[PDB]
Amino acid sequence: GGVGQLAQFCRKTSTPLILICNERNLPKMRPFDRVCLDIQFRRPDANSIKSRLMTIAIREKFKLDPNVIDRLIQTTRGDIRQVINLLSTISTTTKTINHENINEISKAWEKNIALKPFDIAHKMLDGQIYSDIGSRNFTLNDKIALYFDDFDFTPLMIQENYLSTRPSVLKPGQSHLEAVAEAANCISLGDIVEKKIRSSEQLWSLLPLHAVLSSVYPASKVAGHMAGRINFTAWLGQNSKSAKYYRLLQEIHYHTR
Amino acid sequence: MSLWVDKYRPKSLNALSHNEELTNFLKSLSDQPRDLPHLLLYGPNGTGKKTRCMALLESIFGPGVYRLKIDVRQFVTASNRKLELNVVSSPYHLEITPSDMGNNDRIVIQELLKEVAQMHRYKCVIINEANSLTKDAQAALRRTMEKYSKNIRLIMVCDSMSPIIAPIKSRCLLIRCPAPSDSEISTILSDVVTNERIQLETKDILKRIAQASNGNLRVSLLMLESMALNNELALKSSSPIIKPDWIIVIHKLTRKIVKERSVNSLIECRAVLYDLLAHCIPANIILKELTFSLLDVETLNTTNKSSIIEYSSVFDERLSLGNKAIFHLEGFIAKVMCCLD
Amino acid sequence: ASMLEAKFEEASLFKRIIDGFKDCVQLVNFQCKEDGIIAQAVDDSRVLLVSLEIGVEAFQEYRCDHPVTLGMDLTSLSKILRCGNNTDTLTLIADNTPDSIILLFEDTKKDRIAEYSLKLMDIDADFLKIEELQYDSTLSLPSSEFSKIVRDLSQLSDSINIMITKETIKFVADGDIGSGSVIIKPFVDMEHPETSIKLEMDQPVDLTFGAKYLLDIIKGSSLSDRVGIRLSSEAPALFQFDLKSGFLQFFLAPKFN
Amino acid sequence: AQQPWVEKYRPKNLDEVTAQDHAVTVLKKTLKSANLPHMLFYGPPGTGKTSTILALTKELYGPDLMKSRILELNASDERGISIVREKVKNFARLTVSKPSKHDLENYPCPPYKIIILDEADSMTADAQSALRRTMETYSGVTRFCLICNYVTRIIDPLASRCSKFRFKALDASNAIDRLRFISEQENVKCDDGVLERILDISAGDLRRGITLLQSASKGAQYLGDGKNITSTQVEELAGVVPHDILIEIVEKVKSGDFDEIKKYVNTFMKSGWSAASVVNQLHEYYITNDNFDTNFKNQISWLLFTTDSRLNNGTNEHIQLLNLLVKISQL
Amino acid sequence: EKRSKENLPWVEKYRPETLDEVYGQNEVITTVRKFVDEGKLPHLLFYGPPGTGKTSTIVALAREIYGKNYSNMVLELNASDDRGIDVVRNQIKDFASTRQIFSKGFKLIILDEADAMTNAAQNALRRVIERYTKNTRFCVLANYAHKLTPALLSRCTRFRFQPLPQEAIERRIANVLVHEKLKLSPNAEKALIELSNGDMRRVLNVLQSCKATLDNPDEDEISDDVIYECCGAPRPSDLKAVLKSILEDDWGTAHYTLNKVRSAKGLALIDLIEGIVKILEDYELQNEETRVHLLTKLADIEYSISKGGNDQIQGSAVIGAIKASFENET
Amino acid sequence: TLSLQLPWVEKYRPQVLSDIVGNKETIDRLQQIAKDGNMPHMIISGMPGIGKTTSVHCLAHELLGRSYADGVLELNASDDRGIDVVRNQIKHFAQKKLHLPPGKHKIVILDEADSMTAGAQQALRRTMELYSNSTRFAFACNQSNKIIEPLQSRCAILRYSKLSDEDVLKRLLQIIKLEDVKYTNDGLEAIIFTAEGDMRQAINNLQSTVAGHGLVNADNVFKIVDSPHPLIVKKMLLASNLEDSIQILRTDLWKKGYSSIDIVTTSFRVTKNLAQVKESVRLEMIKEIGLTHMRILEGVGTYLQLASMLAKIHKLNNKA
DNA sequence: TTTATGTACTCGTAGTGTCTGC
DNA sequence: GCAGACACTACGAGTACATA
Ligand SMILES: Nc1ncnc2c1ncn2[C@@H]1O[C@H](COP(=O)(O)OP(=O)(O)OP(O)(O)=S)[C@@H](O)[C@H]1O
Ligand SMILES: Nc1ncnc2c1ncn2[C@@H]1O[C@H](COP(=O)(O)OP(=O)(O)OP(O)(O)=S)[C@@H](O)[C@H]1O
Ligand SMILES: Nc1ncnc2c1ncn2[C@@H]1O[C@H](COP(=O)(O)OP(=O)(O)OP(O)(O)=S)[C@@H](O)[C@H]1O
Ligand SMILES: Nc1ncnc2c1ncn2[C@@H]1O[C@H](COP(=O)(O)OP(=O)(O)O)[C@@H](O)[C@H]1O
Ligand SMILES: [Mg+2]
Ligand SMILES: [Mg+2]
Ligand SMILES: [Mg+2]
């Protein structure tokens, strides 16, 4: 009950008090919703970091090329501390940083950050990854790894917005409705796979199969730009309300019996 | 109570003016109850299987089976989740249903049947809605009735035969409960109304109720009571056949599917399905009603009807092996839209 | 009447003897003979070996014509000994190659009589002829002193290293908190003969042992006033606790390197 | 008469099992010896595996040693991995009980105890993997008898360690002596071919046949006419569709006309017969007919198999029956 | 154990007590003997089908290296024993870190059926193996390799135990018959070879049950006929007749023939499906569509039978599938 | 029981940074860190057996010398690295005052760091951020995905790649010249092919072949150690003739003693890692392989199921 | 957020034991 | 010596992961 004690401290404190976390959207900081003055920090603009690295490079004797800082911030995803660590490590043996080995360094130090469920649905439903050219770098193994980040929300996220897009990967002679039906078939198959996974048998080696049948194949036929925008899953709320309604139905069934 | 469905129920086999052959068979069983085997009554719902079970129970021991009480029993599962399920017990018998969560009704069956078997020689254990068991409690039952039988007996009531596994079919006697004939429905409704105080212009209303009920006497009695209450206790020959709001929703969904075959109409179909699943409805019956309402639309072709029924069979198989019914139902509607378009 | 009879003077003796090595051993293989009763049992890790032996003089009456192999379980044995008044006189009873033994918990000397029985356990492991050998050193220190030293040193490191060289006992235990270096000089006292640090010398030894196993050894210090430790570079450590008529060894296996 | 005829006439001797002659002779010759292997009984339900194992245990030890040297587990009992790891392992590693003078003199007591795991196909694979080396290590002191009706659920190592005894289905030829004996003992008036009909309807089991015979005898006792039980009463009580309704179904199927077959299927399901029985009747009518082409028979055989599998999955039988009839009608 | 031998099944009675008594795996046995004579013994990993002689080989190896009391010097853990990561952290660590208690030798750890260990247990076992490998060797017996962590696979020397060939089964059968004073006809021996499917326990069990089957254990010889009633497997002549009736004869004759064959001595549709599969694999088919249809339909039928169902409908399905598959070829 | 000779895997483990082959840039950077002394926090990741933890140990040995007994705290999965009983250990070790050379710091080798819980890494976050002047950390995990992003935000990412055939061959030839065993180039290339860039596997196969036949010729190598079954599975799935695929299946997997579930899992992995055929075709191949996988896991494991899987894979591959 | 076992981790609590003290 | 104080092991409830 640490978060509850911290919230109760926030209600009653006679000293200045601040908190530092990373993800407000987690439900465990939900009580902090209106007990604190929220200040949001974002990804800084590349100009200030560029100036700081110019000062650091001219102070630490190694040469730095201005066009390289943009790609370093882009690949590091706005992580200034990791940028400084990258500069130090590169300057250990190769003090000169040019535009030749920029792609080598960017690929070697690329950060495989986890992805949020809405962004997971957006990347899964993007029509470029299933194109011929787009599959050379983003192979289906990367799609499985992207699913496995959040394996509890991706099957629910794909199902609720795979029918609210313009499809961009339609086969010739195939309409949008046919693709929707053929995706729904494999979603139904993934339901059965999940039921075998989460049962008494408890076959958890079947997760990679469920990944394909519930996220990859259904989104490989309806890929495209959103008709509206990605909506949060509603099956959880509908299922909760249905469970409570079932409980109240059982109460009146037993009372009148 | 004021409801007519539970006000006029035949207590004895003598009052069972429904099936002469089935009543005679039950009386044959009740003639020598010293060696009565485990039973399994199957048939369409609303036939009156539970009425036969209670009538046989009071024919075995005597009057007093129909007095009932409620005894909530606390049951603990994995971790410390509490799913206390009450049992509708009574002297001389015990009534249980798998209304508990299906994934862990096996423990309810195991410890409750072991508790009742600690000792008029046997106590009958009626299991309503036995087709809803999850093939795990049935495994316990296989040896439960076989090992202890001189002290416990089961009257295993279910409206369908397919989910019941082979050994349970093997060790239980099978009793068949056909649905009433339309003439018998009209006769029962006429006896009810003449014992009641509702005025009828012509017995054609009873025949119309029999036709609309489709062999289901329970919903027939419910609809007759609703009509009598709505018609100021005087039925009219021009009274429209009132349907359950569920049937209205299914028919509106079928009309929306038939007329508009776009993705957006599928979105409203999904919303309607979400509402219906929130409205305490099993997946099998809703898919069956949707399929049979789709096949009753006259603008279809025989090829479209065959495709619809084949995909309905496929997706019903999928329902029998799935957890979230919404995906299977949405897939079935998508396939229907693809075929009709 | 029964072939094997062993009536203890008091249930307290057997309770203490069982509780001496109950924790460190799960399966015990008693071997009753006319010379006495022995029990060679091995730990689950197969590192610590216990060799119980009770002479015929510790029994008020004893008679066993045929050798009997009583393989048992110490958990259930201790559970059986847990119930029953400690002043009562226990009488072990067994048949000719039986499936169980009978624990006569005769209350006081009359009235209440108990018939607790424990099903015999099929342990086919033969007794191991590890009696003794030419040990390099033979020291003898009071049980309380050794228990206190081991308990103090176990909090400082996970390994206690026992070193003997030139008539001197030295315990060292280097760890994270610190490094104990408890040392003992041998002596003898006529005033209090119980406390006397006896010693013998053939070759210096530097053998290291685990902490938990040494704690398991010192849990049995309540049985004997004196404990005798014998070490060798090519032999397991021996901890001979002297009993009223027999003994209770503890063959501990040292670590290497 | 305090018990049903199923358990009242349950075999009490190994010779009383009037089927599975190979397994019974093997078990008897093993009873003479002591080399009892880890058994694995399998077959259709009602073939007599539990009866055989109980008779074998009773003849091995006797009524006194049932409670001491027999451990029987079910799916009703908890059979998690912890139970297999502790309870079964402890009972296996315990030494055998002490046979008395009476038991040793009268019965051929062997120096081992049998662990019977009824309906063992329901255990998780992890529990079976834990059971493997328990079975292997303590072979000299305990015997394992796995009684499952599905082999495929039992993992490969247990099927390798356990000697397999398939229990053959009990058709009309195999198990007619038992039914005749039961009729003689119970004084049940019977027709000539009534028992053959009973064994035909009871597909590969004798428990169902005994239950059907008991029901028919009870009905005849109620009527009290002293009349032999005809095939009609048994056929009606068995729940199989009469030939008139099946002929009507075939006539509706032959003409096509989806609306007519749909209406007749609705009425038929209102009358409420078991759809598996209807599929069986349709199979024994269509396949044995000689008025149909080869290609039609291929397609209808595949259709009947698919419908039977889908029904065995445990689905709504109305839709499956309608689909099967419509698919047959379009052939 | 009780009453020494002669009260055990033939599976556990004829367990090899020496590395010379292991047949079939000549290369593995010779390599292991060379290893232990030259004094080097790396972390061994024995992989193979059930019944091929993995645990027998490692038990014989531990008996050869140590004395008679090999169990006093080996920490042999199995799936029956609890093998959580706490067990690895305490029992395995203590056994590997300490010195031998009965003589001067290296500790040996045998982990039979180690595929059942959890991922975290294998992760701990990785560093446990790699740290204390100076005077402790780990042996891992695994039937399944996909359940083993690739780090664990990359650490132990892999030995593959192939299914037993014909000669090894023949030699073991000859030894068993010599011991048991039993006689067996060569055709029965060939039937046993075909019935084994690479398993040795199946051979020993069938020999035991067939000796029990005979009225007179001596004198009478075990023929393939006795093998086929005792095991219950279909005879090859029955399979050939059924397949011929299906291929050439019409539905009435084929259905009657299959029913008669099944009801003659209680055959099951299973073992008959893959008997037919073997016979059809012994054919040459011009069109790949025949092979595709046969494989798919027979796999579906075998799956349905594994789930259970009506045997008559499944037999009709088998006949229909075969007859429909052998008409697309022309 | 004679004392066993140390295996060649551990006997010839490198003790200096020069002997590690492969990833020349990473090794040179580690050497420059070694002589420079300013070791930063780093996380080392890669496939198993390519020299991850040995580089960590060699760098720890080189940076600080006689202080190696107490100046480095090594932790692993065998130690119960939890949130509570272990935060105090690193807290004390980092707070421990030990006098080093001016450019050297204490090293905390959290070996096998991908197995730690989330809370342990959350505590390690501020533990690393506070005492960055005194102690430095060294994570060595097979997979870097388990490490949370705050830990990745303050660490130097050193990604090792699978060893090239030339470097493995070079170090193998070094081992042969130190051991003087007769070798043939065909046998060496067979060892390289079997190892698949896994160095410890190469050394173990070399050990087995040397001590089993004396000569490491290709025939002896293939006799002792089998070719990797992923390659056989990939060959089987890519064949054009169904009869050829069935024959490869039977002869190379069913008669070689491979479980059906192993074949199915390897086929799934090969299909998901395959790139020659069209993406959609791989999708239906994965779906069918998964259906066969469900059939195998439900209990029915038979040659017929694998044959049906291959038949349907050929149905999809040949485009009806 | 339902899932549905088995595993592992973490914390909290309740006693149980020996250790100081008057 | 009895009483309190003390820190220890043992136990129970809760959460989170499950393929690379
Ligand atoms: N061969 C047989 N001879 C005589 N009676 C038999 C035979 N097989 C079955 N029965 C009868 O079947 C009933 C009990 O059979 P069981 O042994 O319980 O069948 P089963 O093997 O248990 O089937 P399960 O357990 O549902 S798979 C008794 O009424 C027996 O008389
Ligand atoms: N090569 C062989 N030579 C002789 N007997 C063998 C051979 N392989 C197996 N056996 C016999 O098979 C019996 C059981 O096989 P085991 O080797 O003990 O177990 P396993 O072969 O390792 O199978 P798993 O994987 O442990 S279930 C042994 O007792 C032997 O009698
Ligand atoms: N580049 C290399 N140069 C020389 N030997 C190497 C090299 N890479 C690995 N080895 C050998 O591999 C063995 C130990 O490798 P490790 O580094 O311990 O494996 P690893 O990189 O830690 O992989 P994991 O994840 O721990 S299984 C020793 O015998 C080393 O000699
Ligand atoms: N012989 C009969 N005469 C009149 N009503 C009957 C008869 N049998 C059954 N019913 C009616 O059936 C209703 C009970 O049906 P029920 O047993 O609940 O069906 P189900 O078992 O299918 O749910 C009662 O309201 C009763 O009026
Ligand atoms: Mg049974
Ligand atoms: Mg083994
Ligand atoms: Mg490593």
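For chain B, we keep the numbers from Swiss-Prot: what you see runs 1-119, 133-354, in order.
When the header is checked for method, it gives electron microscopy, 3.4 Å.
The backbone N, Cα and C atoms fix where each Cβ goes, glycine too.
Together with B:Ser17, B:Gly43, B:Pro44, B:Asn45, B:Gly46, B:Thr47, B:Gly48, B:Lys49, B:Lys50, B:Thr51, B:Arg231, the ATP site in Swiss-Prot holds one more listed residue from B:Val5, B:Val65, which is B:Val5. Put plainly, the binding-site residues B:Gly43, B:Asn45 were compared by Cβ crowding within 10 Å, and the winner is B:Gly43. With the fewest other Cβ atoms inside 10 Å of its Cβ, the least crowded of the binding-site residues B:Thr47, B:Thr51 in this structure is B:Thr51. Ranking the binding-site residues B:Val5, B:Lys49 by how many Cβ atoms sit within 10 Å of each one's Cβ puts B:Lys49 at the top. Residues listed for ATP, B:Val5, B:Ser17, B:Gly43, B:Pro44, B:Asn45, B:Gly46, B:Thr47, B:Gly48, B:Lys49, B:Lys50, B:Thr51, B:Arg231, cover a largest CA to CA span of 19 Å.
With a threshold of 8 Å between Cβ atoms, the binding-site residues B:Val5, B:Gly43, B:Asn45, B:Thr51 that neighbour chain D are B:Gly43.
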